[PDB]
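Only one chain is included here, represented as structure tokens and corresponding to the form deposited in one PDB entry.
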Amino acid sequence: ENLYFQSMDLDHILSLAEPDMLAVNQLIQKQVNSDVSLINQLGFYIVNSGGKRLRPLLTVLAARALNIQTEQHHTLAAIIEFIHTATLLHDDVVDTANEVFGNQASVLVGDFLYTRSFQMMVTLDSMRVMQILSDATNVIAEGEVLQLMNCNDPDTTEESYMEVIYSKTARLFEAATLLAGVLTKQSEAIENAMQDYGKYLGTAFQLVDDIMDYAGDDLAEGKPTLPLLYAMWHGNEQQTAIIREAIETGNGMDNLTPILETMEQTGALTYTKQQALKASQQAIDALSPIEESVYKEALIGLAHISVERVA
């Protein structure tokens, strides 16, 4: 009887969003602009298709699900993607544009994007927007530093890993969806609903990323992600010691297959997949208060799509 039993697939999501996404991409091009040639060249290299990405998609779908009557979500989407791009540039120094243009330029163009995003925020003329994004971006910075601290630390806890995911990835998604609610003057209940959707969706996406690494860039650098940690926690004495050493010394690739084996035997990747599935469902469940629309259906489909590669 239910003709719309299937969740919305990616092609339909992307077709639905396309007019908004192309408008975001155009705004990003016009906003990347400065008189300074190097900014324009590095900018082109890193953000020429910036409006055609996941965080802008989320943002425009959220705003349309909330019946936005302006084009302020195009500005918001560009802000969010500039924050993401600035973060990426800076993270690749501390670990690409920095390989191509140097650490220095990548840092400074990161700052150019970052500061420009705040200038765009000011055009929205909302102190609440500034509060939300200044809080979010400070959290991101803290999360990136916490991540850098955890590197080579085999005593990293599950809670600390999850705090890194939350701060460095999920918080920006959470802000984007909350801000769609702010711009459209929604109730506290609806704002909370959208905030939770973003937070959990972003969590799902990062968990899946960490799974797909092993399904070993992280291994190489001594990065303690959940699959590697969980394998260490549940492995036999020799397995645990191999992984501890890999984390401390970065020599994991010399024991690549034994480590991958430990992950299989302990169900470490499975456990991480379970956490991703949970986040995805929590995101979907958060949208209960939201009015039905094709944009709501797209947000639900995105949550399904986030964990598709993992089932």
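In case it trips you up, residue 1 is the first one in the sequence shown, and so on. Each form is matched to the other, and the largest set of C-alpha atoms that superpose within 1.5 Å is called the rigid core.
Below: the form deposited in another entry, not depicted.
Only one candidate in 49, 274, 33, 67 has its Cα displaced by 2 Å or more between the shown form and the other one after core superposition: 49. Core-superposed comparison between the shown form and the other one: CA of residue 254 displaced by 2 Å or more. Relative to what is shown, residue 52 and residue 69 are farther apart in the other form; their C-alpha atoms differ in spacing by at least 3 Å. Cα-Cα spacing of residue 89 to residue 49 is reduced in the other form versus the present form (difference of at least 3 Å).
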